[PDB]
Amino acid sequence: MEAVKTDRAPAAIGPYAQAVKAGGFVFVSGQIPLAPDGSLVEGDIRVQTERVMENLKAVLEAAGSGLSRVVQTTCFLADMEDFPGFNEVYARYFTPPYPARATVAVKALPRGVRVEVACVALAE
């Protein structure tokens, strides 16, 4: 069990790690639209989702894994209306065999953001 640390994604300031390596898997914390320097990337679903995706990418690689190794993702949206644009961008970063997915619209997300994505992947 070892924490994943990288300045390529938003720093984990608080009681959590960007990701954890354990038992053969990598557990990545929910990711939101924040550039590495903490700033809040704003825009429609497409813009925010892209930032979310890059963070995942950064966290996974830093852990010696990657997007192609993600087996499960949990996607929370602020509004189901935003699904299409979210899916279109989501489609860009994942590859066959795609990960198992669960998507739901929640009441609200950290910092009024529109999308948060957490996932689990295989390590190496």
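Residues carry their position along the shown sequence, with the first being 1.
With respect to the recorded C-alpha B factors, which stretch has the higher mean value, 6 to 14 or 20 to 28?
In the deposited entry, the stretch with the higher C-alpha B-factor mean is 6 to 14.
Mean C-alpha B factor from the entry: is it higher for 92 to 100 or for 37 to 45?
37 to 45 has the higher mean C-alpha B-factor.
In the PDB entry, which of 75, 59, 71, 80 has its C-alpha at the highest B-factor?
Answer, based on the entry's C-alpha B-factors: 80.
Could you tell me which third, lowest, middle or highest, the C-alpha B-factor of residue 87 occupies within its chain?
It falls in the top third of the chain.
Taking the values exactly as deposited, rank residue 105 by C-alpha B-factor within its chain and report the matching third: lowest, middle or highest.
Residue 105: CA B-factor falls in the middle third of its chain.
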